[PDB]
Amino acid sequence: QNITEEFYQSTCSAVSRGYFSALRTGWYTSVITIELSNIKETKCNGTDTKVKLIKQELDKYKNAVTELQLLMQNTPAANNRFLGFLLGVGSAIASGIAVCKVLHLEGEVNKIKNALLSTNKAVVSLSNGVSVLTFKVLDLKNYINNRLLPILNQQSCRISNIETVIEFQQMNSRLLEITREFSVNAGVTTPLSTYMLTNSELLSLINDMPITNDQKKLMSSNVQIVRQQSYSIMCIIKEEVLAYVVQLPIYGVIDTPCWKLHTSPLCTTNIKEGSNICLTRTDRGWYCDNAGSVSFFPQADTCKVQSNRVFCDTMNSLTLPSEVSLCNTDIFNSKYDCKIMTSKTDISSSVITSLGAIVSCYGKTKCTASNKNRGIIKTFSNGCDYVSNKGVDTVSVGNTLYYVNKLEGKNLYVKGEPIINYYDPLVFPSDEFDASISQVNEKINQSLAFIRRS
Amino acid sequence: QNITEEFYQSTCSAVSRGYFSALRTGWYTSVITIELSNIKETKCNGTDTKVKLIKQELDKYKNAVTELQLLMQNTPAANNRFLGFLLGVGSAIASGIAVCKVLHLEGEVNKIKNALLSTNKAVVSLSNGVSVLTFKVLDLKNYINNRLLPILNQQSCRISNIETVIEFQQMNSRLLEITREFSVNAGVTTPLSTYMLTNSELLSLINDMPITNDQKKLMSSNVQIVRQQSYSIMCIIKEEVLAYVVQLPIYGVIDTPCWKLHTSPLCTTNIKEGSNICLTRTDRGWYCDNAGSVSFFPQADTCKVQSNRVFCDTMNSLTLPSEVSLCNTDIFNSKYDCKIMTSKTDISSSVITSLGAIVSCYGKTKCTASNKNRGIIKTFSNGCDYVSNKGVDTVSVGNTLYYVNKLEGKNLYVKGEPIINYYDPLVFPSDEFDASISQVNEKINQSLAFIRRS
Amino acid sequence: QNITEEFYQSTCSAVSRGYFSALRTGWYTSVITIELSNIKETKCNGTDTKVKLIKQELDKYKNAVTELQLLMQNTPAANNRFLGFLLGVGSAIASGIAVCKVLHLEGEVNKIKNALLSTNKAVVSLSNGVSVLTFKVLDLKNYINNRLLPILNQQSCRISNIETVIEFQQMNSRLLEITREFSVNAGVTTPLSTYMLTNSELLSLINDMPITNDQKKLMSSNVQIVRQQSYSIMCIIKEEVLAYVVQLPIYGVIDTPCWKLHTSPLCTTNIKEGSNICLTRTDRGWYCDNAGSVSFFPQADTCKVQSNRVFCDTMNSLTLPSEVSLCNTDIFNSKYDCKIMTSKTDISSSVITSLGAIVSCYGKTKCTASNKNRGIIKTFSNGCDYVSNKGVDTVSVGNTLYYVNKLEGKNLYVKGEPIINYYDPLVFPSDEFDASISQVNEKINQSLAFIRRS
Ligand SMILES: *[C@@H]1O[C@H](CO)[C@@H](O)[C@H](O)[C@H]1NC(C)=O
Ligand SMILES: *[C@@H]1O[C@H](CO)[C@@H](O)[C@H](O)[C@H]1NC(C)=O
Ligand SMILES: *[C@@H]1O[C@H](CO)[C@@H](O)[C@H](O)[C@H]1NC(C)=O
């Protein structure tokens, strides 16, 4: 957890480095099953409370099976996924859906049923060429047919004991909650709950997945994050089996360097009303080296940071050439056309970084950094400035209070003239929402083609 | 499920056709009731476990009623709802809220109470002129007053049986979960859960709704989607009645043609850095014919597709003239000013379509389509291109893998010169976020007014 | 609830006034504890159902503790937060996280354990200088060790009674649900559920908070809204204690004037295709006076309105000078550069306001306001227009139906020439996504510098 952060005064941006990747590139699919009983009506006509109680619970079981059948008519299941508007589009659950489709082919559910006759965990080779870990997590068929129905049948049906009511409730419990979870999510859930897959089942699954021991260690040390990036997909009710697919991430990029880019608006600071111009670097977000290029995540919130490990889904990334990082040290470089937006919107704001805070202070806004016991320790002047988190608790910009992160690291302030000062405001192309350094230079040049004749 | 898709090479867009609409235009409101008991304290002072267990459960009932009362002080309930930023604004639950308001008028709850004295389902004519289907789904008044309180009262209060504890838990159960659901959603829930309305209640409701048998068949064949587009709204606790309103969709547009427009960026492909220009059709999303015009849904994710049926809420649409579809076959037509955005952002990306994939490949990005067993079957060259899903499993653009849909349909590739090539890059108005063909032509012409004197 | 609304025909905007603020400026943190038992294995080897039932429930307890331990390895917990893209960035849960960190220091959990030995509620002075209200809401240590384990131990372990199974289920219940809630939210939940903190605990907490009696009255009269703006943060499992932090809002701005600005597009109405220009005021949202300036909430949906009280979080605001409100009465004023976007997008739409509706009607769109019993009572002509909610039930724009709010107030229609008519369309800078009155004037002037030589 050796984090280093550099602030660039010239471009009102800061880069936090020292992070290591865990990027999801693949999917592991597993089939989870519950064995069901094919009983729709019992010939018990008693009146006492125990009788009604078993009937109520059997009604709950039967209405769960029916709800799961109505989830099946809304199948295929549905799910999908500053510069976020450019992201590509595809379904996040295509892999799971392909496995569900295979489970509909004659014999396939029966093959899984036979693999789990004598064990609750087995690898099965499906017809489409995937080997999947399959589980039987609950056997309501044996419980209803062999432990409950003999009580209700071979004797007067009122002769049960209140313990069997309570046991049947406990056996039905996990089925009703899986059904509930699927019913309010249209058969596709994320994060993966402990009712879809318990911790012991999930850790067992990870341990038997066709991945390296390092990947197994990563996933087992970060179970919650694995759950947040996993899906459960309702598949089929068929031949007295309920089957659903769990889709777990495979982190095909691990331990490459990652860095987070924070950006804020950089405006001129004249007092005259509406006389100021602005630019903001629009390439903020997470960056991870990946296979000769760089995976860029423009909605930074899509990545989950655990200490110095950054977990992201590659479906939330744009693939950029590695020269994009030159924008941090030389925004005018000729190898990559660095992205900016221009405006005359000089509204104050702050960004809390990994190890400090950037503050864009304009007009009359009060912008300060404080220590809870000592008072104000820094006051920001008009323009874009930075403070490390050392000795600081909070940053106030106008009426809003922000808390800095408490992590201790290394901070570097790179001094430089704000680049907004290099532009002639009479010819600056303001109000460009998605622009770049070259486009702006090109426009300035063109509109200095009139001033030529002068 | 006869889907047809056409790709237009000239404009980097594809249209999937063969879909049929189901658009929500109206709302059906129903009042769901639970009968409650007005008991706040029992004079039972025993010490054994059964006693405490009944007291705990009565405390749960009483705290549910209190939580429902605090939901009532946060009433009226609150809910609402590329070109999505233009959508109009209004409340999705105004109809339900109007019914809740009527339930507060003297006598109204009593009228419903009297309609349900002898039946659990009845149509009631409210004072505001709406006839609503009303339900009594749980009678905790009769259970507490007539089956539970005689046990706790007319005898020593320790003489209960553990069955009555379990029965009281089961009777209280649905009340506690409805209360829980409302409590973490500020009294307004969507999707409609099976605790708000069970499958049998919902199917009963649909069957008695004042709609045609075709609408009843649609809704009954697509219960999950109906639930996703329905609301439950907490209304009142009054005169020993809990009442909430369920608001179900009415699909007033059915079986008209719908088509989905996919678009991707179309840039020039010079090697020179920052020398390329781009345009993207901004009118992507779902389109359905509707009442002489066309309902356009710019956040395509707002529509739920079930096979070839497309379910959408008209509140998520813009109403356009039917000439908008000319943009697909003739983007330069003079009847509708086709919408585009311009830029110099030549970042690679892909869109998975209904029957294939569009790929915008720029710079050095590796863009390919593969079959899992055969390897790469297509490589995309710089520019905008398309592949059908026939014989294809996946599309890779840089570091991101996408899965194509597996549905088989008809695919047409319409060859044509990319229209970005028609523009002189020295005068192209780049970086226009919300533009159109005419605005761009108008700007080019103006800025060719200087080159005149030359 | 004296609301007044003014519509400005000149700028296609309306301002609803008469509201009073409740802005969250601070956070109150409280530590909630559950006492746990350190038992992982019982030497009971029986076979009957009661035995298994206790073992199942003990397994549930133990798997809850383990799940809470895996939530701890994904700690620090994670949470954060038209002109919304300008908002600053920081963590909403920094205060709670600082308290969690302190609970990890030697002796700190023990200090809380000793403060709650004889009471379930006490104020405790933590090592970092915060006094926190701490609660013990469940004592599973005493229940397992002193009421359950003697039954399973000092006698044959099959001698329990089914009541103790049911009592143990009821005692374990709240622990399992808190664990479930944390497990699918990565240890950070909002809204604050009744399992994290019951109504009686929450009202007790408010009553003992170091705030004024007016703040206590506000919070106690609006519990649901307090819950929606609160967080629960999983902290630690240590020394047989589960501890989590609840973070409640402190409304440091109360009863200052608030007003809501509604805006819609204002376009010219020529029949000629693609010949029209448009502008829209981009400063729509909620505004509250606050400390000499004005807190502006651009994603209006971030504020919760209860009658005439407006509850917002200052982290969702931009701090503006109070001259921003001049844009409502004089959009050309020289004290504040009023914000607009320009385009040629003349697509029809509506905004339902507090007391009426704005309608932007263009092209051939049918735009009307109706009364359910009387029919159409107003038809909107091309351009931007307004109707109050008096005698109106609904507004239709094309294919979409909107319901007006039913609240009765005062409505003022300020007549004035649409300002879009003042611009020469040949020189209007269209397609500016984030602009202002001055930038537009400046551009018009420059591009009238060519027409000079003429
Ligand atoms: C931490 O990492 C930075 C960057 O690699 C390096 O400069 C520094 O020497 C490292 N220090 C320690 C103590 O690991
Ligand atoms: C499918 O629909 C398309 C478009 O209407 C039509 O061209 C084609 O003939 C149809 N084919 C079948 C087999 O239905
Ligand atoms: C309501 O408030 C408005 C604005 O302050 C004021 O003009 C009016 O006189 C008030 N009327 C009543 C009845 O409170």
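Residues numbered from 1 in each chain as written, not as in the entry; some residues may be left out. Chains lettered and ligands numbered in written order. Heavy atoms only, no water.

X-ray crystallography is the method the PDB entry states for this structure, with the resolution given as 1.9400 Å.

**Some details on the interface of chain B and chain A**
Opposite the 48 residues of chain B that make contact, chain A presents 56 residues. Together, the buried faces of chain B and chain A total about 4400 Å²; carbon and sulfur atoms form 51% of this surface. Connecting chain B to chain A are 1 salt bridge. Across the contact surface, chain B and chain A share 21 residue pairs in polar contact. Counting only elements with at least two residues in the side of chain B that touches chain A, the list comes to α5 (162-183), α7 (213-221), α8 (223-228), β15 (339-343), β16 (349-352) and β22 (400-403) of chain B. Looking at the side of chain B that touches chain A residue by residue, the classes come out as 18 nonpolar, 19 polar and 11 charged. (Contact = heavy atoms within 4.5 Å. Buried area = accessible area lost by both parts, 1.4 Å probe. Salt bridge = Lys/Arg side-chain N within 4 Å of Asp/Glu carboxyl O. Polar contact = N/O pair within 3.5 Å; in protein donor to acceptor, adjacent residues only side chain to side chain. Helix = DSSP H or I, 4+ residues; strand = E, 2+ residues; numbered from the N terminus. Nonpolar A, V, L, I, M, F, W, Y, C, P; charged D, E, K, R; others polar.)

**What about the packing of aromatic side chains?**
For the structure on display, the rule yields 48 aromatic pairs over all chains. Aromatic pair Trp 259 of chain B and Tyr 287 of chain B: ring centres 5.9 Å apart, planes at 10 degrees, arrangement stacked. Taken together, the residues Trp 259 of chain B in strand β7 (residues 241-263) and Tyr 287 of chain B in strand β10 (residues 285-290) connect sequence positions 28 residues apart. Accessibility assignment for this pair places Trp 259 of chain B and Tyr 287 of chain B in one class, buried. The interplanar angle of 45 degrees and the centroid separation of 5.0 Å between the aromatic rings of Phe 82 of chain C and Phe 433 of chain C together place this pair among those described as tilted. Pair noted here: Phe 82 of chain C is in the loop between α1 (49-73) and α2 (94-103) and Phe 433 of chain C is in strand β24 (residues 432-436), with a separation of 351 residues, a long-range link. Through pairs of rings, three or more aromatic residues link up here, namely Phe 82, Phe 85 and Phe 433 of chain A, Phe 82, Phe 85 and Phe 433 of chain B together with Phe 82, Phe 85 and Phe 433 of chain C. (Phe/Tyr/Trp six-rings, centres within 6.5 Å; stacked < 30°, edge-to-face > 60°. Buried < 20%, exposed > 50% of the residue type's maximum accessible area, 1.4 Å probe, protein only.)

**A closer look at the pattern of salt bridges**
What the rule picks out here adds up to 54 salt bridges over all chains. The residue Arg 17 of chain B makes a salt bridge to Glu 6 of chain B at a minimum N-O spacing of 3.6 Å. Of this pair, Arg 17 of chain B sits in strand β2 (residues 13-35) while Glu 6 of chain B sits in strand β1 (residues 4-8), and the two are 11 residues apart along the sequence. Its relative accessible area of 28% is what places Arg 17 of chain B among the partly exposed residues. In this structure, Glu 201 of chain B engages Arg 174 of chain B in a salt bridge whose closest nitrogen and oxygen atoms are separated by 2.7 Å. One end of the pair, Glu 201 of chain B, is in helix α6 (residues 199-208); the other, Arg 174 of chain B, is in helix α5, and 27 residues separate them in sequence. A cluster of three or more residues bridged by salt bridges with shared partners is formed by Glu 35, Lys 136 and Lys 141 of chain A.

**Re the UniProt feature "disulfide bond" in chain A**
Residues and elements named next belong to chain A. With a threshold of 2.5 Å on the sulfur distance, the UniProt-listed cystine of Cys 12 and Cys 384 is realised in this model at 2.0 Å. For the pair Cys 12 and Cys 384, one class covers both residues: buried. A sulfur-sulfur distance of 2.1 Å is found between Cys 258 and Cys 288, whose disulfide is recorded in UniProt, and that is short enough to count the bridge as formed. Highlighted residues: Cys 258 in strand β7 (residues 241-263) and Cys 288 in strand β10 (residues 285-290), separated in sequence by 30 residues. (Disulfide = S-S within 2.5 Å. UniProt positions renumbered as here; feature names shortened; annotations may be inferred.)

**Re the interface of chain C and chain B**
Taken together, the contact pairs 48 residues of chain C with 56 residues of chain B. The largest per-residue losses of area from chain C upon contact with chain B belong to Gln 224, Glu 273 and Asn 399 of chain C, which jointly make up 15% of the total buried on that side. For the pair chain C and chain B, the number of links is 1 salt bridge. Counting across the interface, chain C meets chain B through 21 residue pairs in polar contact. Residue assignment for the side of chain C that touches chain B shows that the elements contributing at least two residues are α5 (162-183), α7 (213-221), α8 (223-228), β15 (339-343), β16 (349-352) and β22 (400-403) of chain C. Of the residues forming the side of chain C that touches chain B, the biggest block, 7 residues, is contributed by α5 of chain C.

**Description of the domain arrangement of chain A**
Residue and element names in this part refer to chain A. In terms of domains, chain A is made up of domain 1 (4-21 + 260-447) and domain 2 (27-253). For domain 1 and domain 2, the distance between their C-alpha centres works out to 47 Å. Listed as interface residues are 23 residues of domain 1 and, on the opposing side, 18 residues of domain 2. Looking only at domain 1, the three residues that lose the most surface to domain 2 are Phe 311, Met 315 and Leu 318, adding up to 32% of its buried area. Counting across the interface, domain 1 meets domain 2 through 0 salt bridges. Viewed at the interface, domain 2 and domain 1 are joined by 1 residue pair in polar contact. Those elements that provide at least two residues to the side of domain 1 that touches domain 2 are β10, β12 (304-306), β13 (309-313), β15 (339-343) and β24 (432-436). (Domains from an automatic or database assignment.)

**Observations concerning the relation of the copies chain C and chain B**
Take chain C, turn it by 120 degrees, move it 0.0 Å along the axis, and it overlays chain B with an RMSD of 0.0 Å. The transformation relating the two chain copies, once decomposed into turn and shift, fits a three-fold axis. Across chain C, the rotation axis passes nearest the C-alpha of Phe 433 of chain C, at a separation of 3.8 Å. Of the interface residues in chain C, just 12% have counterparts in chain B that sit at the interface too, so the contact is made through distinct surfaces. (Least-squares fit on C-alpha atoms.)

**Considerations on the packing of α6 of chain B against α7 of chain B**
All names here are of chain B. Running from amino to carboxyl end, α6 crosses α7 at an angle of 165 degrees, the nearest separation of the two axes being 9 Å. The pairing of α6 with α7 is recorded here as roughly antiparallel in orientation. Along this stretch, α6 crosses α7, giving a crossing that reads as right-handed. For the pair formed by α6 and α7, the contact residues are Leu 203, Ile 206 and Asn 207 on the first element and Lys 216, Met 219 and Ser 220 on the second. Classifying every residue of the contact of α6 with α7 gives 3 nonpolar, 2 polar and 1 charged. (Axes fitted to C-alpha atoms, helices over the stretch in contact; angles between N-to-C directions. Parallel < 35°, antiparallel > 145°, perpendicular 65-115°, else oblique. Left-handed = near helix turned anticlockwise from the far one by under 90°.)

**Quick word on the state of the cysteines**
Residues and elements named next belong to chain B. Under the defined criterion, the tally for this structure stands at 24 disulfides over all chains. With a sulfur-sulfur separation of 2.1 Å, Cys 267 is cross-linked through a disulfide to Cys 278. Classification of the bridge connecting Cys 267 and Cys 278 rests on its S-S torsion, roughly 105 degrees, and on that basis the disulfide is right-handed. Of this pair, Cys 267 sits in strand β8 (residues 266-267) while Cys 278 sits in strand β9 (residues 278-281); the two residues are 11 residues apart in sequence, bridging distant segments of the chain.

**Observations concerning the sheet that holds strand β16 (residues 349-352) of chain A**
All names here are of chain A. With respect to topology, 3 strands assemble into an open sheet ordered β16-β17-β20, the strand pairing being antiparallel. Looking at the sheet topology across the chains shown, the edges are occupied by β16 and β20 (383-388). The mean inter-strand angle of the sheet, taken between neighbouring strand axes irrespective of direction, is 15 degrees. Pairing analysis gives 6 bridges linking strand β17 (residues 356-361) to β20, with the strands arranged antiparallel. Its bridge partner lying in β20, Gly 356 is registered against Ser 388. (Pairing = 2+ DSSP bridges.)

**Looking at the packing of helix α4 (residues 140-152) of chain C against α5 of chain C**
Helix-helix packing is characterised by the crossing angle of the two axes and by the distance between the axes. All names here are of chain C. The geometry of α4 relative to α5 is characterised by a closest axis approach of 12 Å and an angle of 160 degrees between their N-to-C directions. Accordingly, the angle class assigned to the pair α4 and α5 is roughly antiparallel. Helix-helix and strand crossings are classified by hand; for α4 and α5 the assignment is left-handed. Across the interface between the two elements, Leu 140, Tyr 143, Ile 144, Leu 148 and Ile 151 of α4 pack against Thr 164, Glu 167, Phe 168, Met 171, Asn 172 and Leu 175 of α5. Looking at the contact of α4 with α5 residue by residue, the classes come out as 8 nonpolar, 2 polar and 1 charged.

**Remarks on unusual backbone geometry**
Peptide bonds are trans in most cases, and residues, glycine excluded, mostly fall at negative phi. Residue and element names in this part refer to chain A. Of the consecutive residues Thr 75 and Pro 76, the connecting peptide bond is found in the cis state with omega at 0 degrees. Structurally, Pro 76 is set in the loop between α1 (49-73) and α2 (94-103). In the Ramachandran plot, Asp 255 falls in the positive-phi region, its phi being about 65 degrees despite a non-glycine side chain. The topology assignment puts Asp 255 in strand β7.

**What about a positive patch on the surface?**
Residues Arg 452 and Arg 453 of chain A, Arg 452 and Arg 453 of chain B together with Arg 452 and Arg 453 of chain C make up a contiguous surface patch of positive charge. Within the secondary structure, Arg 453 of chain C is located in the segment after α10 (437-447). (Patch = residues over 30% accessible without salt bridge, like charges linked within 9 Å, V, L, I, M, F, W, Y side chains within 5 Å. Areas by Shrake-Rupley, 256 points an atom, 1.4 Å probe, with all protein chains shown as cover. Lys, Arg positive; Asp, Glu negative; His and termini not counted. Charge placed at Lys NZ, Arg CZ, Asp CG, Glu CD.)

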